[PDB]
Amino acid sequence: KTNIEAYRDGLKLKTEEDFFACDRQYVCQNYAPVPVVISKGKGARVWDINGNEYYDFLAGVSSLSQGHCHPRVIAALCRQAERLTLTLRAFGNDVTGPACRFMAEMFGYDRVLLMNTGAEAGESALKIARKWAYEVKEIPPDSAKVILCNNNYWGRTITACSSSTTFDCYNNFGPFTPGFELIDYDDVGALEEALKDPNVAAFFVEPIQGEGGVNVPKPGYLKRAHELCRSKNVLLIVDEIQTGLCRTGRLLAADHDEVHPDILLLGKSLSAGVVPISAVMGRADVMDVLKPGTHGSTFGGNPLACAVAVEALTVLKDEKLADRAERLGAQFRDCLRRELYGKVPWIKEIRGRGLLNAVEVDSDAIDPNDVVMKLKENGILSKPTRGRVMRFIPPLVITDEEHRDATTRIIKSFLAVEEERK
């Protein structure tokens, strides 16, 4: 009945290959997808166009923590969408303020800036940190530096490309925005050395590196980093777009170290995967550098996304998804270590916190894509990062039985690829 449905009917796409070809012909070819055509999602499950069921073990890289099509989130979208979707922040409305209050109180910050994407949240935090460094720290104009880590990921703008160490992310996209010092991740001594520069405005870091391969730092990393930064009046910007909102077994992964970020970033599951909405939060004397006219966005803070975000955030609490991720995650890692370590020599490491988990394989010893195909053959959808880091990031709403079943299927896939190697 709707225009997309009717247009699609007219195209007579029956087979999965009919869709792959449509995609190849008309869609900018900047992804290499897994060959599946998903048509429905609910909770931890998706179905392809043929009625085949899978567990979704990417979940939007932790954008779907609440599950696909969560009924409450969908009801809140549809109720608000019938009333009002967009005013701009040029006009007041009856949603944006309350939603920013809800977030401010939930995370403990004076001010909430709403943007659309995670990359926009990072851009906005860097602009805040620079303008603050210039106007409050009074460092010389154009000299602000931001420290970031090797293999960081914060998105795909030119400034993010300019602060990346991933070849594909920056190659042939220059010239680059200046002002970035890259240090190793999970290395406190290198941070301490970089903090000797009094031009540093901020250290920008992930509690666990997401795209970089689910890299879990050593105990105390973030606590120690924060102390170093405070002692130099340098802002700690913590990117929780992938790690935040219950994924690691706590509300924020920073909580594991009892760290309250000077600037916090949220996105992804902030909307339960329904619409793009991201947040930058911080104390008043930092956030208030963004005076009227100095920053903006058409859709940032639109009342529809705000309504969705408050529902999505409430589901996290009501369904105790932090406790669920903590419990199931510990079990997943325990299972895989028990049944795969030793028996599968080409597994380099099994790592994670909560339900942010990875199995790094040795890509010289095995074709990583065999594991991906095999997993799919056994009803598990995932996409690696860096070729060799297999990722297991299911929605947090995955039931005990679904998780047990999935774990069994996942173990079986690795063993099957190992058998096949013989």
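Don't overthink the numbering: it's just position in the shown sequence, from 1.
- Here 63-71 and 349-357 are compared by their mean Cα B-factor, and 349-357 comes out higher.
- Legend: mean Cα B-factor per stretch from the PDB entry, 325-333 versus 80-88; the higher mean is in 325-333.
- When all modelled residues of the chain are sorted by CA temperature factor, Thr248 is found within the middle third.
- In the PDB entry, a CA B factor belonging to the lowest third of its chain's modelled residues is recorded for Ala160.
- Sort the chain's modelled residues by C-alpha temperature factor and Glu311 lands in the lowest third, per the entry.
- Among all modelled residues in its chain, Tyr341 ranks in the highest third by Cα B-factor.
- The PDB entry assigns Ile139 a C-alpha temperature factor belonging to the highest third of its chain's modelled residues.
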